[PDB]
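Reviewing the structure listed below.
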Amino acid sequence: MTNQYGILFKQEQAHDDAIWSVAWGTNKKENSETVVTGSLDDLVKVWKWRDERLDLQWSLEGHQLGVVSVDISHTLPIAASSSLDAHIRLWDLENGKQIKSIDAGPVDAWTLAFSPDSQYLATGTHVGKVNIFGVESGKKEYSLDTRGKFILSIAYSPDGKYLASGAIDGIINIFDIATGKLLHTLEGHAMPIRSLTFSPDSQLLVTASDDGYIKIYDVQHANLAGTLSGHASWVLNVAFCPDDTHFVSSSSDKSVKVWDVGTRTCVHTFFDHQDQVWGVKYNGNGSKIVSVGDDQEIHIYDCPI
Amino acid sequence: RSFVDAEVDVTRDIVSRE
Amino acid sequence: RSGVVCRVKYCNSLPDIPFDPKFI
Amino acid sequence: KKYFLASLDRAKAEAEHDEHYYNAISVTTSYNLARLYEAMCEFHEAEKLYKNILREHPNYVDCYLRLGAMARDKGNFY
């Protein structure tokens, strides 16, 4: 059964307004793949991927302004979301109830990240510090200062050593989680970095910026492993494959590009979307890709393994 | 630039027929 | 005397220098 | 892209008949292909081709200006 890249499902009018984030999580006990999407229409929606179909499970409300980020836990059945009003909410995906809320003021809590143990939420802030909130505590345990401008994206390394941040000026900052010290401050790009990610082995750091370029870094030495181009507009999201030899990115040019880190060449491009593709993610085993954008559509793409 | 001055004629030839 | 804060600018921005492929 | 590559191939193929003329023809065709790569967002290949042209023909001003334009597009104004 030869396997090729190709769309498999397409949910139209998934949200009333633009979909600004997505997240894919796999739960062993339930053995059901879950997708969490946040949109500018102030709604979180929980769908279940079963029988090659998407079926809505929960539709959670509460966010005041647009939902900027939605994340899931790797082990727990928890999810988190943040709105444009800096409010953070935790949702129990088993029952679709709000576990707790964190009012991060008017400025803090831009974008969310789950720690590898799912015991913390890392979020960039307007001032230039990455605040950390206890998932169980619900309070700002501490913060790591960058002395930089707005932090647009946040990432957690799968091994938990470092958390990366990308600023509005293109500067990247890697912090050691154990000691909370700014390991590296890299020039990066000259345009805002809206999305950076780590490799499954925590060896590579892939960052995306408005200049249309995707930069690869070796976190061990923080050296520039390569630069990728091919997007005709802003790159809005990146996400690494589980197989660790591929990753996927999305852009304002309405396309989703899958790149090979080895050959450093885009191996596929999807043009299905009709507007800015704001989110792209891989499934647990790397055989599916979910993408969401301003056209209020959810697209699932098959992938060879 | 010593090598540059020797290439003036060649570049002029290139551009003359563009 | 309250309204959306937006200063309207009438702009005349010249195009970038053309660099089309050359004909031989 | 197909036609620019064919033009480069043809100029190379029939270069022995007249090397001097065909070298200049290939220079212009090479610049065209680099400009195309810029169009196709292959800025690494375009930059490498522009530098390759500039290395042999340091008087090609357009190549310098395209590198500067690409740098400016990157956002590196210096």
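By order in the structure tokens, chains are A, B, ...; within a chain, residues start at 1; ligands start at 1, following the order shown.
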Which residues are close to range 68-74 of chain D, i.e. within 8 Å by only C-alpha atoms, leaving aside same-chain residues fewer than 6 positions away? Reply as a JSON list (two decimals) with N, CA, C and O atoms, in the first residue's frame.
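Ended up saving to part32.json:
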[["chain", "number", "residue", "atom", "x", "y", "z"],
["A", 190, "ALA", "N", 15.66, 39.38, 11.41],
["A", 190, "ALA", "CA", 15.41, 40.80, 11.60],
["A", 190, "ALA", "C", 13.93, 41.14, 11.63],
["A", 190, "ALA", "O", 13.58, 42.32, 11.74],
["A", 211, "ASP", "N", 10.15, 37.13, 7.57],
["A", 211, "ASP", "CA", 10.93, 37.27, 6.34],
["A", 211, "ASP", "C", 10.77, 36.10, 5.39],
["A", 211, "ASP", "O", 11.36, 36.12, 4.31],
["D", 43, "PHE", "N", 16.16, 31.88, -2.77],
["D", 43, "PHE", "CA", 17.11, 32.97, -2.61],
["D", 43, "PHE", "C", 18.53, 32.47, -2.38],
["D", 43, "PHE", "O", 19.48, 33.20, -2.67]]
Open item on the list: Need the shell around residue 18 in chain C: protein/DNA/RNA residues with any atom at most 12 Å away, counting only C-alpha atoms. Skip same-chain ones fewer than 3 positions apart. Format as a list in words?
Closed with: residues 14, 15, 21 and 22 of chain C; 35, 62, 65, 66 and 69 of chain D
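One distance worth recording is that between CA of residue 42 in chain A and CA of residue 71 in chain A, which is 15.6 Å.
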Quick one: contact table of range 106-207 of chain A to range 272-295 of chain A, 12 Å max, nearest atom pair and distance in Å to one decimal per residue, counting only C-alpha atoms, chain and number order, as a tab-separated table?
residue	atom	partner	partner_atom	distance
A:194	CA	A:278	CA	9.8
A:195	CA	A:279	CA	9.7
A:197	CA	A:281	CA	11.1
A:200	CA	A:286	CA	11.6
Using only C-alpha atoms, which residues of chain D come within 10 Å of chain B, and what is the closest atom pair for each, with the distance in Å to one decimal? Give it as JSON lines, sorted by chain and residue number.
{"residue": "D:20", "atom": "CA", "partner": "B:10", "partner_atom": "CA", "distance": 8.9}
{"residue": "D:21", "atom": "CA", "partner": "B:14", "partner_atom": "CA", "distance": 8.4}
{"residue": "D:22", "atom": "CA", "partner": "B:14", "partner_atom": "CA", "distance": 9.9}
{"residue": "D:23", "atom": "CA", "partner": "B:14", "partner_atom": "CA", "distance": 8.7}
{"residue": "D:24", "atom": "CA", "partner": "B:14", "partner_atom": "CA", "distance": 5.0}
{"residue": "D:25", "atom": "CA", "partner": "B:14", "partner_atom": "CA", "distance": 7.3}
{"residue": "D:26", "atom": "CA", "partner": "B:14", "partner_atom": "CA", "distance": 9.5}
{"residue": "D:27", "atom": "CA", "partner": "B:14", "partner_atom": "CA", "distance": 7.6}
{"residue": "D:28", "atom": "CA", "partner": "B:14", "partner_atom": "CA", "distance": 7.4}
{"residue": "D:56", "atom": "CA", "partner": "B:7", "partner_atom": "CA", "distance": 8.6}
{"residue": "D:57", "atom": "CA", "partner": "B:7", "partner_atom": "CA", "distance": 6.7}
{"residue": "D:58", "atom": "CA", "partner": "B:4", "partner_atom": "CA", "distance": 6.2}
{"residue": "D:59", "atom": "CA", "partner": "B:11", "partner_atom": "CA", "distance": 6.0}
{"residue": "D:60", "atom": "CA", "partner": "B:11", "partner_atom": "CA", "distance": 6.6}
{"residue": "D:61", "atom": "CA", "partner": "B:11", "partner_atom": "CA", "distance": 9.6}
- [ ] For each of A:146, A:177, A:60, A:153, take the minimum atom-to-atom distance to residue 120 in chain A, counting only C-alpha atoms, then give the residue where this is smallest.
- [x] A:177
Open item on the list: Would you pick out the contacts of residue 18 in chain A at 6 Å or less, using only C-alpha atoms, so that residues sharing its chain but fewer than 3 positions from it are not included, and give the list as JSON, numbers by chain?
Closed with: {"A": [39, 40, 294, 296]}
Task: D:63, D:5, D:40, D:53 ranked by distance to chain C, top pick (using only C-alpha atoms) - done: D:63
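Residues of chain A having any atom within 10 Å of chain D, counting only C-alpha atoms, are residues 189, 190, 191, 210, 211, 212, 213, 227, 228, 229, 230, 231, 232 and 233 of chain A.
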Open item on the list: For the helix (DSSP H, G or I) assignment from backbone DSSP, which residues of chain B qualify? Please present them as number ranges by chain.
Closed with: B: 2-6, 8-16
